[PDB]
Amino acid sequence: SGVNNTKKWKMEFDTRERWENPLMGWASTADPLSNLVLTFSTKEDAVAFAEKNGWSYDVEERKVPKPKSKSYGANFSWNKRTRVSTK
Amino acid sequence: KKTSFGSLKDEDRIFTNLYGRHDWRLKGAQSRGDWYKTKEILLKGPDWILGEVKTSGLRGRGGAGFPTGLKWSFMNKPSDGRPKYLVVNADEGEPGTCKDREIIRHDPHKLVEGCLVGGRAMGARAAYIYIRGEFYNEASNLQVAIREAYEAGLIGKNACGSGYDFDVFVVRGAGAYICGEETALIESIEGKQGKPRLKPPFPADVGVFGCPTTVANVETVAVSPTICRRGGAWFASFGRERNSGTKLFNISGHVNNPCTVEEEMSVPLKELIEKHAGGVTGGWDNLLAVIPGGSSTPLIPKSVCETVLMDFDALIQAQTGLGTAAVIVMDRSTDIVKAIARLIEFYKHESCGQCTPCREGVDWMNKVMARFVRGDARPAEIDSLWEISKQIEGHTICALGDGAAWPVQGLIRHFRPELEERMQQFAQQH
Amino acid sequence: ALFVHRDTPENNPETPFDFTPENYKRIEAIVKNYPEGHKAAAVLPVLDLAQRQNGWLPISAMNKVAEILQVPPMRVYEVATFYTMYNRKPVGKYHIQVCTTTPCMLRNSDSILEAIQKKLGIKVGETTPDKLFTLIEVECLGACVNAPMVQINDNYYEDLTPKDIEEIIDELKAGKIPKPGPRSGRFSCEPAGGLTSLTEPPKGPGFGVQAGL
Ligand SMILES: Cc1cc2nc3c(=O)[nH]c(=O)nc-3n(C[C@H](O)[C@H](O)[C@H](O)COP(=O)(O)O)c2cc1C
Ligand code: SF4
Ligand code: FES
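Chains as they are written, first to last, in the working numbering: chain A, 1 to 87; chain B, 1 to 430; chain C, 1 to 213.
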């Protein structure tokens with residue numbers, strides 16, 4: 001439930017091939033950017049960093065949980081369906 | 001004013017058939033003044049009825065002691081389309097308390113009239129009486145009285161000729177001390193597990209079936225008709241101020257004659273035990289400790305019991321509470337640690353399990369207390385037990401968690417030397 | 001006292017159960033005590049009725065109550081396991097319940113418990129080989145001033161001594177119904193050896209009534 005890993009913007013790159021090492025079966029890669037992750041305070045900062053480095057980018061809007069109406073008393077409604085059958 | 005309290009007269013006693021020596025059916029109840037001018041009371045109006053109760057100074061007899069007049073007036077408001085109900089708490093579960101049993105089986109018509117008079121004050125259409133399932137015979141007595149009242153026009157359509165419609169329903173419990181808690185009682189009537197609700201909402205807004213509700217103790221409701229007939233001022237002439245009226249007392253444990261008796265509020269605890277119960281077994285000096293208001297209240301040692309009065313404010317000063325006014329007496333032959341450990345074992349068996357501090361905490365306290373009984377512990381654990389109880393108290397949904405912490409705190413407060421001495425004995429055998 | 005169910009030849013969803021035609025009339029009156037749209041309020045009394053007819057609650061009985069009231073079976077299971085008066089295993093024809101909470105403990109309820117075990121030859125929680133008696137300990141039964149007391153089926157036997165309870169068991173073995181209430185001198189909750197109150201004649205109607213009615 002914690003939300004502390006949803007505060008900052010991140011930049012990541014496309015995933016490329018990983019293959020099995022013939023000797024040990026380990027996951028080999030030839031992609032030098034496979035583990036590169038950058039943290040930014042705002043979308044604008046991340047976009048500016050991508051442009052000056054020449055990377056084409058896809059920005060995705062921040063998804064914020066919608067505010068909800070919570071009511072403990074609705075659990076015992078006289079005539080509504082929100083009445084719970086157990087606690 | 002009155003400086004000394006007690007020595008109540010039979011003319012001022014309310015529950016005049018406490019011992020069932022007279023007829024409990026309508027014929028007897030009517031001869032004793034019940035159902036008299038009930039029409040006059042009903043036509044006087046809810047606000048007048050609430051005035052008589054507010055002026056009487058009546059406080060809840062269920063164990064929390066909230067002022068009844070103020071509490072009952074939360075229902076005094078316009079209907080919004082929902083029915084309104086009065087719930088009478090006849091679960092009588094607190095160990096040591098058996099006062100409500102005598103009203104139900106010997107004075108049922110005071111309860112039935114109390115429901116009508118109290119129900120009118122709140123504008124309720126019906127009363128549900130929740131009576132613990134174990135009281136099978138008492139509940140059957142109550143149904144006979146209700147049928148008599150229905151057949152005599154006293155309740156039902158146009159009750160007492162007042163033009164007010166009232167029904168009295170009796171619903172039985174199935175074995176659960178927690179179902180005496182006001183919201184757990186409501187959840188039980190609705191057919192669920194007896195698990196208390198959080199507050200808000202309060203029952204006066206969302207109660208049984210989601211409708212406005214007031215939960216009142218059997219004794220609180222049963223005395224209400226007489227307070228209106230004889231007046232609130234007459235009721236307030238008893239007991240210390242803010243501690244008004246006559247209270248039913250259960251004296252059990254190590255007394256010569258355990259009994260139930262009606263006595264004035266603020267009576268000294270010593271006078272109550274000796275005047276009515278025949279004194280402590282082995283004499284007063286054989287007293288070790290008393291639990292004044294049922295198992296939920298902390299014990300007090302003999303030194304406090306010497307001068308303490310029996311009312312809400314007097315016993316709060318002695319670091320306890322009036323509770324249900326059920327006096328459990330323990331003489332010096334008692335294994336005090338064991339006696340309190342059996343009470344924690346009771347709360348362990350009665351916890352509903354809903355909320356963490358009681359579900360886990362009370363069971364934790366039981367395991368520690370069992371070890372304290374044998375002394376198989378270290379003195380440093382006494383302060384751990386004190387701290388654990390303080391994490392249960394005031395963090396639970398309902399007051400059962402508080403009622404399990406208090407007996408532990410009372411034992412540690414007044415009998416710490418006994419606990420440590422027992423631990424020393426155990427260690428020297430090992 | 002397991003709070004899970006495992007199907008058994010004598011206790012499985014196919015175990016025969018059904019209310020009698022007479023009990024369906026009682027069930028109908030129970031359901032009318034509650035507002036329309038809240039038939040679930042009848043679960044506790046209808047479940048208890050099934051136990052009175054049958055003596056205990058097979059899972060089939062719980063499934064029947066759920067079906068009659070249009071209630072999910074799990075919600076009936078929750079109630080059957082929450083409340084201790086419901087018997088989810090068959091009990092003896094006489095279910096002896098000894099209160100052992102502190103107020104009854106202080107008046108020597110252990111001697112009562114010891115006597116019943118010696119006379120019946122069982123330990124707490126067991127049934128006699130003839131399935132006549134089941135013995136358990138219980139919490140306060142709300143008869144504390146009358147301790148030590150027991151409850152057998154729907155009756156309270158109070159102010160007991162080891163001799164008194166051994167008599168009651170002997171009466172139940174022979175089939176007689178023993179009168180409930182204190183087995184000592186007194187009748188109910190009065191002080192033993194004489195009333196210390198309520199010795200005057202009760203006042204009549206209209207006594208002390210405030211002016212203005
Ligand atoms: C665990 C627990 C058990 C209770 N049992 C009872 C009871 O048996 N009878 C009762 O009147 N109140 C009982 N109460 C108190 C009720 O919750 C409530 O305060 C009372 O019914 C209000 O009625 P009153 O205003 O007349 O005191 C209990 C409370 C708790 C926390
Ligand atoms: S304090 Fe205990 S009885 Fe009360 S709601 Fe929490 S778990 Fe249930
Ligand atoms: S302690 Fe046994 S009836 Fe209350």
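Just so you know, even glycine gets a beta-carbon here, dropped at the ideal spot from N, CA and C.
Is residue i helix, strand or coil when you go by DSSP?
{"i": "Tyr-36(B)", "result": "coil"}
{"i": "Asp-331(B)", "result": "strand"}
{"i": "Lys-10(A)", "result": "strand"}
{"i": "residue 438(B)", "result": "The requested residue 438(B) does not occur in the structure, where chain B is confined to residues 1 to 430."}
{"i": "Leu-299(B)", "result": "coil"}
{"i": "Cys-104(C)", "result": "helix"}
{"i": "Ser-73(B)", "result": "helix"}
{"i": "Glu-190(C)", "result": "coil"}
{"i": "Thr-307(B)", "result": "coil"}
{"i": "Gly-210(B)", "result": "helix"}
{"i": "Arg-25(B)", "result": "coil"}
{"i": "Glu-92(B)", "result": "coil"}
{"i": "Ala-48(A)", "result": "helix"}
{"i": "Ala-139(B)", "result": "helix"}
{"i": "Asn-75(A)", "result": "helix"}
{"i": "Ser-224(B)", "result": "helix"}
{"i": "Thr-127(C)", "result": "strand"}
{"i": "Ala-61(C)", "result": "helix"}
{"i": "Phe-372(B)", "result": "helix"}
{"i": "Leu-213(C)", "result": "coil"}
Between the Cα of residue i and the Cα atoms of the options, which residue gives the shortest distance?
{"i": "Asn-366(B)", "options": "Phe-346(B), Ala-377(B), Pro-357(B), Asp-376(B)", "result": "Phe-346(B)"}
{"i": "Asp-80(B)", "options": "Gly-210(B), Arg-105(B), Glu-190(B), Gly-156(B)", "result": "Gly-210(B)"}
{"i": "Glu-61(A)", "options": "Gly-73(A), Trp-78(A), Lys-43(A)", "result": "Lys-43(A)"}
{"i": "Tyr-177(B)", "options": "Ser-296(B), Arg-240(B), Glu-151(B)", "result": "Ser-296(B)"}
{"i": "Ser-184(C)", "options": "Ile-177(C), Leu-172(C), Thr-161(C), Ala-211(C)", "result": "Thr-161(C)"}
{"i": "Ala-370(B)", "options": "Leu-419(B), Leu-322(B), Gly-353(B)", "result": "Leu-419(B)"}
{"i": "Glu-350(B)", "options": "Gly-204(C), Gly-175(C), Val-138(C), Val-91(C)", "result": "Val-138(C)"}
{"i": "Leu-185(B)", "options": "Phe-166(B), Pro-258(B), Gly-114(B), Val-208(B)", "result": "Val-208(B)"}
{"i": "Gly-33(B)", "options": "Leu-343(B), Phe-426(B), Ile-14(B)", "result": "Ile-14(B)"}
{"i": "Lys-247(B)", "options": "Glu-219(B), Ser-73(B), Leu-42(B), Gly-93(B)", "result": "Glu-219(B)"}
{"i": "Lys-119(C)", "options": "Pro-72(C), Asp-164(C), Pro-90(C), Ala-29(C)", "result": "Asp-164(C)"}
{"i": "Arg-25(B)", "options": "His-276(B), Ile-103(B), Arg-197(B)", "result": "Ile-103(B)"}
{"i": "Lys-195(B)", "options": "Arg-230(B), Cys-352(B), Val-304(B)", "result": "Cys-352(B)"}
{"i": "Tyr-94(C)", "options": "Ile-112(C), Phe-82(C), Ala-80(C), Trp-56(C)", "result": "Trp-56(C)"}
Would you say residue i lies against chain B (beta-carbon separation less than 9 Å)?
{"i": "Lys-203(C)", "result": "yes"}
{"i": "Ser-1(A)", "result": "no"}
{"i": "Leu-198(C)", "result": "yes"}
{"i": "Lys-87(A)", "result": "yes"}
{"i": "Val-209(C)", "result": "yes"}
{"i": "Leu-2(C)", "result": "no"}
{"i": "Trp-55(A)", "result": "no"}
{"i": "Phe-76(A)", "result": "yes"}
{"i": "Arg-81(A)", "result": "no"}
{"i": "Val-150(C)", "result": "no"}
Would you verify that the beta carbon of residue i is, or is not, closer than 9 Å to some beta carbon of chain A?
{"i": "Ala-40(C)", "result": "yes"}
{"i": "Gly-37(C)", "result": "yes"}
{"i": "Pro-357(B)", "result": "no"}
{"i": "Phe-209(B)", "result": "yes"}
{"i": "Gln-319(B)", "result": "no"}
{"i": "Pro-78(B)", "result": "no"}
Using a C-beta cutoff of 9 Å, does residue i count as contacting chain C?
{"i": "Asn-21(A)", "result": "no"}
{"i": "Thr-260(B)", "result": "yes"}
{"i": "residue 470(B)", "result": "Shown here, chain B extends from 1 to 430; a query on residue 470(B) therefore has no answer."}
{"i": "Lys-247(B)", "result": "no"}
Per DSSP, which residues does residue i bridge with? Please list them.
{"i": "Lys-163(C)", "result": "Looking at the DSSP assignment, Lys-163(C) forms no beta bridge with any residue, so it has no partner."}
{"i": "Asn-11(C)", "result": "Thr-8(C)"}
{"i": "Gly-253(B)", "result": "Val-329(B)"}
Quiz item: Would you call the region 357-373 of chain B and the region 394-409 of chain B in contact, with 3 or more CB pairs under 8 Å?
Solution: yes
Quiz item: Would you call the region 97-111 of chain C and the region 142-157 of chain C in contact, with 3 or more CB pairs under 8 Å?
Solution: yes
Practice problem: Check distances from the C-beta atoms of the region 71-105 of chain C to those of chain E and list, in chain order, the residues that come in under 7 Å. | Solution: In the displayed structure, chain E is absent; the protein chains listed are A, B and C.
Quiz prompt | At least three beta-carbon pairs within less than 8 Å, the region 120-139 of chain B to the region 283-293 of chain B | solution = no
Quiz item: Would you call the region 287-304 of chain B and the region 318-338 of chain B in contact, with 3 or more CB pairs under 8 Å?
Solution: yes
Quiz item: Do the region 405-425 of chain B and the region 65-75 of chain C touch if we need at least three Cβ pairs shorter than 8 Å?
Solution: no
Quiz item: Would you call the region 64-82 of chain A and the region 150-160 of chain C touching, i.e. three or more CB-CB distances under 8 Å?
Solution: no
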